[PDB]
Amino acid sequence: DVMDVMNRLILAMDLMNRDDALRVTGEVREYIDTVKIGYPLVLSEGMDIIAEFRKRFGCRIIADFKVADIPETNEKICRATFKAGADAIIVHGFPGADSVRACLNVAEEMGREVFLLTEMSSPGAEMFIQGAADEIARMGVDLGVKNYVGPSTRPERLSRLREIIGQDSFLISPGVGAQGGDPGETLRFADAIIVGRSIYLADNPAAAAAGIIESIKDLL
């Protein structure tokens, strides 16, 4: 019933030029079937990059756009994003339920998925988001959200998120590697890990990906 991510590993492709992004993704293609594409790449190379990734790799694409506007604008963003061929979109929960529902409506209309971001992995998340995160997660459950994002850098917060959403929901988690999160510990709670710089800034991205997978091989 959930998305099936090869090797429980999602590449965060945040390189900002097309040649490098395509080359690095190609180098690791044997290890993944799911790529997270965000604004660094999209605002540098255009939304057409999504269709190009599908043409070259036949990977699923999660548009990490941290959608965080009013309902009317969220609807337009989701429509433009899914028109470009994204399979899923990541939406902030902090702006409230109506803004999430606007995204859920468009995803249902176009055959796509919404991922609800509940607590972020960066230190500043402790200031405002963390105190609201359990409530944001319960809001997700109330709204029928099935896909969530929570922080590798705080395994106790990631475990709590898993507790709230249940074992049947799908949970992906960034902050692995460069931000300090451990792949194996994160996969105790998340279905899949998101990895960016540890792979795409590596001297040998293929070896970097292979190494991460080796470290979690008994979890696959």
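Quick note: we count residues from 1 along the sequence shown, nothing fancier.
- Here 106-114 and 72-80 are compared by their mean Cα B-factor, and 106-114 comes out higher.
- Averaged over CA atoms, B-factors in the entry run higher in 127-135 than in the other of 127-135 and 85-93.
- Per the PDB entry, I32 shows the highest C-alpha temperature factor of the residues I32, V67, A192, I61.
- Within the group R56, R154, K36, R162, the record's highest C-alpha temperature factor is found at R56.
- When the modelled residues of the chain are ordered by their C-alpha B factor, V28 lands in the highest third.
- Among the modelled residues of the chain, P40 sits in the middle third by CA temperature factor in this PDB entry.
- Among the modelled residues of its chain, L22 has a C-alpha B-factor that falls in the highest third, as given in the PDB entry.
- Split the chain's modelled residues into thirds by C-alpha temperature factor. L201 is in the highest one.
- In the deposited entry, the Cα temperature factor of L171 places it in the lowest third of its chain's modelled residues.
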